[PDB]
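>
Numbering (the entry's author numbering), first residue to last: 2 to 64, 68 to 229.
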């Protein structure tokens, strides 16, 4: 493909995000690598502006689906790698049930041999004492199914799924994701038949790190065809 060859091996990854949730501004930087052959991602994120004003788990989906593993027989349904190396714009609205929403806009593309994800995140209408701004979400993460469909009019894809964040009292915080991706380049991209990505993530902490941070190990593989 145009970019399938680009992911054949280990690829370094840099992530940079600027956020404003209810007036609380913060910045997050992430480094690590992805190895699409195993749908594997290993990254470390740091809140560079100090204390993160929202729980780390709420940022996982925002902080490079091109690193998902698409089985050999589903290669022509991989939109993400097809738009590389010029990359793609990724937009979402994330609805936290009974609370605020995040709207994000990012561009992920290669800069030399490094895959970069640059994100702008805006959060509004959050409850000052809710699960999010109140930091009531447990530091862990569930496995989900990301549903992908072609959006030919936009020459991209529409994506939908539900993230369920565990709340510390044993309950759950639903986070409804609505996603749009479109190529940056004008070269041809693969428009997939419906399918979904199967995810799983493990959140950990670096024992010697004193800055507010998040270590992430994630595996994602395509299916449904």
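Note that CB positions come from ideal geometry on N, CA and C, so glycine has one too.
How long is the line joining the alpha carbons of residue 61 and residue 3, rounded to whole angstroms?
Against the chain shown, residue 61 aligns to sequence position 60. Against the chain shown, residue 3 aligns to sequence position 2. Answer to the nearest angstrom: the Cα atoms are 27 Å apart.
> Apart from the five residues on each side of it in sequence, which residues of its chain come closer than 8 Å, Cβ to Cβ, to residue 176?
Translated into positions along the chain shown, residue 176 becomes position 172. Closer than 8 Å at the Cβ level, and outside the excluded window around residue 176, lie 168, 169 and 170.
> Once the 5 residues before and after residue 189 are set aside, which same chain residues still bring their CB inside 8 Å of it?
Looking up residue 189 in the chain shown gives position 185. So the list reads 87, 90 and 91, once near-sequence residues are dropped.
> Are residue 28 and residue 19 closer than 8 Å when you measure CB to CB?
For this step, residue 28 is matched to residue 27 along the chain shown. For this step, residue 19 is matched to residue 18 along the chain shown. Yes. Within cutoff.
> Measuring straight from C-alpha to C-alpha, what distance separates residue 224 and residue 69?
Here the question's residue 224 lines up with position 220 in the chain shown. Here the question's residue 69 lines up with position 65 in the chain shown. Rounded to whole angstroms, residue 224 to residue 69 spans 8 Å at the Cα level.
> Quick one: give me the first and last residue of the alpha helix (DSSP H) that residue 83 is part of.
Taking the first residue of the chain shown as position 1, residue 83 is located at position 79. Segment 83-86, the alpha helix (DSSP H) holding residue 83.
> Between residue 135 and the rest of its own chain, which residues show a CB-CB distance below 7 Å, the 5 nearest in sequence each way excluded?
Here residue 135 corresponds to residue number 131 of the chain shown, with the count starting at 1. 103, 141, 171 and 177, listed in sequence order.
> Determine the direct distance from the alpha carbon of residue 208 to that of residue 195, and round the result to whole angstroms.
Here residue 195 corresponds to residue number 191 of the chain shown, with the count starting at 1. Here residue 208 corresponds to residue number 204 of the chain shown, with the count starting at 1. Their backbone Cα atoms lie some 35 Å apart in a straight line.
> Among all the DSSP beta bridges, which residues are the ones paired with residue 160?
Looking up residue 160 in the chain shown gives position 156. Beta-bridge pairing links residue 160 to 155.
> Apart from the five residues just before and just after residue 112, which ones in its own chain have a Cβ nearer than 8 Å to its Cβ?
Start at 1 with the first residue of the chain shown, and residue 112 comes out as number 108. For residue 112, where only same-chain residues beyond five positions count, the Cβ hits under 8 Å are 68, 70, 91, 92, 94, 119, 120, 121 and 122.
> Starting from residue 25 and walking both ways along the beta strand (DSSP E), at which residues does that stretch end?
In the chain shown, counting from the first residue as 1, residue 25 sits at position 24. Where residue 25 is concerned, the enclosing beta strand (DSSP E) stretches over 25-36.
> Where does residue 1 land, buried or exposed, given buried means 16+ other C-beta within 10 angstroms?
In the structure as shown, the chain starts at 2 and stops at 229, and residue 1 therefore has no counterpart that could be examined.
> On the DSSP letters alone, give me the boundaries of the beta strand (DSSP E) that residue 92 sits inside.
Residue 92 sits at position 88 when you count from the first residue of the chain shown. Segment 92-100, the beta strand (DSSP E) holding residue 92.
> Does the contact criterion of 3 or more C-beta pairs under 8 Å hold for the segment 197-217 versus the segment 150-169?
yes
> Whose C-beta lies closer than 6 Å to the C-beta of residue 137 among residues of the same chain, with five residues either side of it excluded?
Residue mapping note: residue 137 aligns to position 133 of the chain shown, counting from 1. 130, listed in sequence order.
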